[PDB]
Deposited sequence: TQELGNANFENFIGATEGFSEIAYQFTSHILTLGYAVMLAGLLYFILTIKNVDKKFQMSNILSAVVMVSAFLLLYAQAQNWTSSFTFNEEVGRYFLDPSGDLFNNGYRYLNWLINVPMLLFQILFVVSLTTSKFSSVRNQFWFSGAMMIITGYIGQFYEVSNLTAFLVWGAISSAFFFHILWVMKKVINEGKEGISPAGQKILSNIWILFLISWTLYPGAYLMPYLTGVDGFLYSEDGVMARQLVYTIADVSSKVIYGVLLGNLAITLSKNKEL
């Protein structure tokens, strides 16, 4: 009965361990992640004057997301290198008992804080038509909170009870679907009052949103996408999961923010 290896990262680290390549690749991608959030923070601060006052709350929410993402992705990166240590005998990296072990806390806290602000910020750039600001905001905030909480409950059972990990994943996915449905309505209403140039940016925001947000549940399932005896049920699934989370983070926070800023500028021409 394995005791030291809470999450799939710790499990692999405690059993098979990590190759020099898997350990170094993961450390570099997590470092890239926090480095891009810091670059983003400076970009959103320095370009805030490029949009009319009425849109600047969006630029502010982008900057605030970047502060929390930078700090918590920095903490996640340090957590990776501190949790696994090289054994000369076998020549791999194993879970270090003298460490605090890999912790999903940093990532899930990041999501809890930033999901509501990413959903909120579009409501300061587009105008609704038949929907109420307060109704859309409340739906986004409730569904967003329940999605991340149900997901967090799931992640605990990942190694101890796979079945529960999936059922909680499914409940989380139900809230996710409601978020996609609301955002699609917001984007369609936002297109009504604006130039074709603005409508085209909103079409690109929808595709970026749909893809980047679906990467999260994809990374959540990554180790189990080739079955329990599968090639992903390994350090390869851990590498893939951390890579996909980093791509999702850069896309859902930084690229999303840039596109909204670009939309605000096109509304700052007609």
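- Stretches of the deposited sequence left without coordinates are 6, 270, 273 to 274, in sequence order.
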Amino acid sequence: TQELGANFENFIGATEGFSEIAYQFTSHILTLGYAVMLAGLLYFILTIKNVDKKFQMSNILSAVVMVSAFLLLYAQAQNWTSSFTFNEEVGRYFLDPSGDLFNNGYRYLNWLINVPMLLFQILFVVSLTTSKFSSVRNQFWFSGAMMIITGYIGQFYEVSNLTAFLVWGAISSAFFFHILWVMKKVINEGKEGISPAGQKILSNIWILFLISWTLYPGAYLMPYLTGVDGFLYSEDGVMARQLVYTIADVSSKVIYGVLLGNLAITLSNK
From here on, numbers count along this sequence of modelled residues.
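- The stretch 229 to 237 shows the higher mean C-alpha B-factor when 229 to 237 is compared against 33 to 41 in the entry.
- Here 114 to 122 and 171 to 179 are compared by their mean Cα B-factor, and 171 to 179 comes out higher.
- In the deposited coordinates, the residue among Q76, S160, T129, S135 with the greatest CA B-factor is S160.
- The PDB entry assigns the greatest CA B-factor among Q139, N87, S195, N188 to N87.
- When the CA B factors of the chain's modelled residues are split into thirds, the value for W213 lands in the lowest one.
- Split the chain's modelled residues into thirds by C-alpha temperature factor. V244 is in the middle one.
- Among the modelled residues of the chain, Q199 sits in the lowest third by CA temperature factor in this PDB entry.
- Among the modelled residues of the chain, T26 sits in the highest third by CA temperature factor in this PDB entry.
- The entry lists a Cα temperature factor for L221 that places it in the highest third of the chain's modelled residues.
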